[PDB]
Amino acid sequence: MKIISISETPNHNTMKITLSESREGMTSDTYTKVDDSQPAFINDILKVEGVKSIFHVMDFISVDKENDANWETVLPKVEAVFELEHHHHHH
């Protein structure tokens, strides 16, 4: 459950991202309206000043940014969720 590869795109705004999860079809949803059945971590990305929305279809994501916004700052915020020390928290 992470980013395997940042796939190519003809539009610098929204870029497609290959996940480790594939085949059949995961949640096919445009994460834009906040609390689109996605964890608070994904909601934080939506709140990041640079991200417009996060589309998801079958296996691959398509994270849309803002026109001026740079992935040089924005992508570290997106990737941070898929690429962190994953352990359960309850105590």
# chains A, B, ... in the order shown; residues from 1 in each chain; ligands from 1

call {"tool": "residues_around", "arguments": {"residues": "stretch 78-90 of chain A", "least_positions_apart": "6", "cutoff": "7 Å", "atoms": "only C-alpha atoms", "output": "MDAnalysis selection string"}}
result
chainID A and resid 1:3 41 45

call {"tool": "write_last_selection", "arguments": {"atoms": "N, CA and C atoms", "output": "mmCIF file, in the first residue's frame"}}
result
data_model
loop_
_atom_site.group_PDB
_atom_site.id
_atom_site.type_symbol
_atom_site.label_atom_id
_atom_site.label_comp_id
_atom_site.auth_asym_id
_atom_site.auth_seq_id
_atom_site.Cartn_x
_atom_site.Cartn_y
_atom_site.Cartn_z
ATOM 1 N N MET A 1 0.845 -1.219 0.000
ATOM 2 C CA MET A 1 0.000 0.000 0.000
ATOM 3 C C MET A 1 0.880 1.270 0.000
ATOM 4 N N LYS A 2 1.336 1.675 -1.209
ATOM 5 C CA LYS A 2 2.146 2.900 -1.416
ATOM 6 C C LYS A 2 2.240 3.257 -2.914
ATOM 7 N N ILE A 3 2.951 4.372 -3.195
ATOM 8 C CA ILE A 3 3.354 4.764 -4.552
ATOM 9 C C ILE A 3 4.474 3.825 -5.037
ATOM 10 N N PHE A 41 -5.397 11.798 6.717
ATOM 11 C CA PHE A 41 -4.102 11.964 6.027
ATOM 12 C C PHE A 41 -4.300 12.467 4.573
ATOM 13 N N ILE A 45 -3.796 16.415 2.595
ATOM 14 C CA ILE A 45 -3.285 16.673 1.236
ATOM 15 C C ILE A 45 -4.225 17.653 0.497
#

call {"tool": "residues_around", "arguments": {"residues": "residue A:22", "least_positions_apart": "3", "cutoff": "10 Å", "atoms": "only C-alpha atoms", "output": "VMD selection string"}}
result
chain A and resid 18 to 19 25 to 26 58 to 60

call {"tool": "residues_around", "arguments": {"residues": "residue A:33", "least_positions_apart": "2", "cutoff": "10 Å", "atoms": "only C-alpha atoms", "output": "PyMOL selection string"}}
result
chain A and resi 30-31+35-36+43+46+53

call {"tool": "write_last_selection", "arguments": {"atoms": "N, CA and C atoms", "output": "mmCIF file, in the first residue's frame"}}
result
data_model
loop_
_atom_site.group_PDB
_atom_site.id
_atom_site.type_symbol
_atom_site.label_atom_id
_atom_site.label_comp_id
_atom_site.auth_asym_id
_atom_site.auth_seq_id
_atom_site.Cartn_x
_atom_site.Cartn_y
_atom_site.Cartn_z
ATOM 1 N N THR A 30 -13.424 10.885 -6.953
ATOM 2 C CA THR A 30 -12.696 12.156 -6.974
ATOM 3 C C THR A 30 -12.720 12.763 -5.561
ATOM 4 N N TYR A 31 -11.576 12.709 -4.867
ATOM 5 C CA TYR A 31 -11.437 13.254 -3.512
ATOM 6 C C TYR A 31 -11.236 14.771 -3.627
ATOM 7 N N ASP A 35 -13.567 14.719 3.069
ATOM 8 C CA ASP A 35 -14.204 13.578 3.757
ATOM 9 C C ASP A 35 -14.960 12.719 2.725
ATOM 10 N N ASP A 36 -14.250 12.436 1.620
ATOM 11 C CA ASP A 36 -14.718 11.590 0.503
ATOM 12 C C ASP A 36 -14.458 10.091 0.828
ATOM 13 N N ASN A 43 -7.063 13.900 3.574
ATOM 14 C CA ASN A 43 -7.789 15.178 3.731
ATOM 15 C C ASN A 43 -6.799 16.320 3.939
ATOM 16 N N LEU A 46 -5.555 17.412 0.608
ATOM 17 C CA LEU A 46 -6.594 18.300 0.022
ATOM 18 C C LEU A 46 -6.477 19.741 0.578
ATOM 19 N N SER A 53 -7.328 18.684 -6.100
ATOM 20 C CA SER A 53 -8.075 17.454 -5.791
ATOM 21 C C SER A 53 -7.191 16.213 -6.016
#

call {"tool": "residues_around", "arguments": {"residues": "residue A:71", "least_positions_apart": "5", "cutoff": "12 Å", "atoms": "only C-alpha atoms", "output": "list in words"}}
result
residues 6, 12, 13, 14, 15, 48, 49, 50, 51, 63, 64, 65, 66, 76, 77, 78 and 79 of chain A

call {"tool": "select_by_dssp", "arguments": {"residues": "stretch 7-58 of chain A", "states": "alpha helix (DSSP H)", "output": "PyMOL selection string"}}
result
chain A and resi 40-47

call {"tool": "write_last_selection", "arguments": {"atoms": "N, CA and C atoms", "output": "PDB file, in the first residue's frame"}}
result
ATOM      1  N   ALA A  40      -7.999  10.965   7.234  1.00  0.00           N
ATOM      2  CA  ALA A  40      -7.635  12.369   7.532  1.00  0.00           C
ATOM      3  C   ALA A  40      -6.306  12.777   6.866  1.00  0.00           C
ATOM      4  N   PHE A  41      -5.397  11.798   6.717  1.00  0.00           N
ATOM      5  CA  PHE A  41      -4.102  11.964   6.027  1.00  0.00           C
ATOM      6  C   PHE A  41      -4.300  12.467   4.573  1.00  0.00           C
ATOM      7  N   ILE A  42      -5.269  11.851   3.862  1.00  0.00           N
ATOM      8  CA  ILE A  42      -5.624  12.224   2.473  1.00  0.00           C
ATOM      9  C   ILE A  42      -6.354  13.588   2.463  1.00  0.00           C
ATOM     10  N   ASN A  43      -7.063  13.900   3.574  1.00  0.00           N
ATOM     11  CA  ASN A  43      -7.789  15.178   3.731  1.00  0.00           C
ATOM     12  C   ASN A  43      -6.799  16.320   3.939  1.00  0.00           C
ATOM     13  N   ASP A  44      -5.678  16.002   4.603  1.00  0.00           N
ATOM     14  CA  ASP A  44      -4.588  16.949   4.852  1.00  0.00           C
ATOM     15  C   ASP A  44      -3.973  17.394   3.521  1.00  0.00           C
ATOM     16  N   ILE A  45      -3.796  16.415   2.595  1.00  0.00           N
ATOM     17  CA  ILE A  45      -3.285  16.673   1.236  1.00  0.00           C
ATOM     18  C   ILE A  45      -4.225  17.653   0.497  1.00  0.00           C
ATOM     19  N   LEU A  46      -5.555  17.412   0.608  1.00  0.00           N
ATOM     20  CA  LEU A  46      -6.594  18.300   0.022  1.00  0.00           C
ATOM     21  C   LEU A  46      -6.477  19.741   0.578  1.00  0.00           C
ATOM     22  N   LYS A  47      -6.127  19.847   1.877  1.00  0.00           N
ATOM     23  CA  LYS A  47      -5.977  21.139   2.583  1.00  0.00           C
ATOM     24  C   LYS A  47      -4.626  21.818   2.271  1.00  0.00           C
TER      25      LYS A  47
END

call {"tool": "closest_residue", "arguments": {"among": "A:34, A:74, A:28, A:39", "to": "residue A:55", "atoms": "only C-alpha atoms"}}
result
A:28

call {"tool": "atom_distance", "arguments": {"atom1": "atom CA of residue A:11", "atom2": "atom CA of residue A:56"}}
result
16.5 Å

call {"tool": "select_by_dssp", "arguments": {"residues": "stretch 1-84 of chain A", "states": "strand (DSSP E)", "output": "PyMOL selection string"}}
result
chain A and resi 3-6+14-19+29-31+51-57+60-65

call {"tool": "closest_residue", "arguments": {"among": "A:38, A:27, A:17, A:91", "to": "residue A:61", "atoms": "only C-alpha atoms"}}
result
A:17

call {"tool": "closest_residue", "arguments": {"among": "A:67, A:8, A:52, A:57", "to": "residue A:21", "atoms": "only C-alpha atoms"}}
result
A:57

call {"tool": "closest_residue", "arguments": {"among": "A:68, A:62, A:32, A:75", "to": "residue A:9", "atoms": "only C-alpha atoms"}}
result
A:62
